[PDB]
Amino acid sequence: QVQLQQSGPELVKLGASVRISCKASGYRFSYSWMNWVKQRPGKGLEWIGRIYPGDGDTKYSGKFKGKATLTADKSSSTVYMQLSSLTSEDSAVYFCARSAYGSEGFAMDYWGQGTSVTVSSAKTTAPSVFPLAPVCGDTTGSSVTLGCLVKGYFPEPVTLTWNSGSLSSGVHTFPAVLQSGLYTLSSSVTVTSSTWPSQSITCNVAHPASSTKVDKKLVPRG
C-alpha cells in the first residue's frame, strides 16, 4: 500500500523561497529514489531532480541546478524540495514520485497528489460564494439545473462539493478563470424536477489559503 502524501498549497512572494514535503509509506523508505516533477498551469510535465534517501545522493536537471534543493529525513520518511529566488515562472503544481527498479525502467510508479505553489506579490482573498437558484420561467421541467458561483478569490486552489460530496452525479465544476488578479469559478448540478426543493441541496466551497469552508443552501427565488 505505497502512499505519497504531499504538503498543502503555498503562496509566496517574488524572490522568496518555498519548501514542500512528501511523506512516504508502504515501502522501505531509504532504498528508492524520490523524484520531483513540475507542471505549470495547462503545460506539460517537467522533471526537476531526484534523491536517494539512503545516502542523500541527488541528481538535478541542468535547468534546475541551483534553484532546487532536495533533502530527505529518514526518521519521518519525508522528502523535501526547496525552491529559491522564486519568480512567477515557478508558479505551478509539483509532484513527488517514487522510482521503480531497473528491470521496470526506473518508472515512477507511485505519485503524490501534487502541491500547488503560487508565486506572487498579491495577498490571499477568500471567495464570495453565491448560490444560483433557477428562474421562475422554467416550469421546472423534466430536470432542473442549480448553480454555485465562487467569485473573487486568490490564490488557487478551491474545492467545491454538493451536499458534502454525496451529490456527485450530474455535476459540472468549471476551471477557474483569472481576471484582474482574482479567480472565479462556477459549478452546476442537474437533478430531477421532483428532487428540488423537496430535497435539500447545498454547495460547499473550501479555500485552504483563507482556511474557509462555506456552505450555501439553494432556496427557490421568492
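Residue indices: 1-based, along the sequence shown.
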Exercise for review: Taking the mean of the C-alpha B-factors per stretch from the entry, tell me the winner out of 141-149 and 105-113.
Suggested key: 141-149
Review point. Looking at the entry, does 155-163 or 49-57 show the higher mean C-alpha B-factor?
Key: 49-57
Study note, to complete from the structure: The residue of 184, 180, 39, 173 with the maximal C-alpha B-factor according to the PDB record is 180
Check your understanding: Per the PDB entry, which option out of 21, 212, 198, 204 has the greatest Cα B factor?
Key -> 198
Review point. Comparing residue 32 with the other modelled residues of its chain, is its CA B-factor in the lowest, middle or highest third?
Key: middle
Point to revise | Where the record places residue 135 (Cα B-factor, split into thirds across the chain) | key: highest
Practice item. Please place residue 96 in the lowest, middle or highest third of its chain by C-alpha B factor as given in the entry. Key: lowest
Exercise for review: Report the third (lowest, middle or highest) to which the CA temperature factor of residue 84 belongs, ranking only the modelled residues of the same chain.
Suggested key: middle
Check your understanding: Is the Cα B-factor recorded for residue 6 in the lowest, middle or highest third of its chain?
Key -> lowest
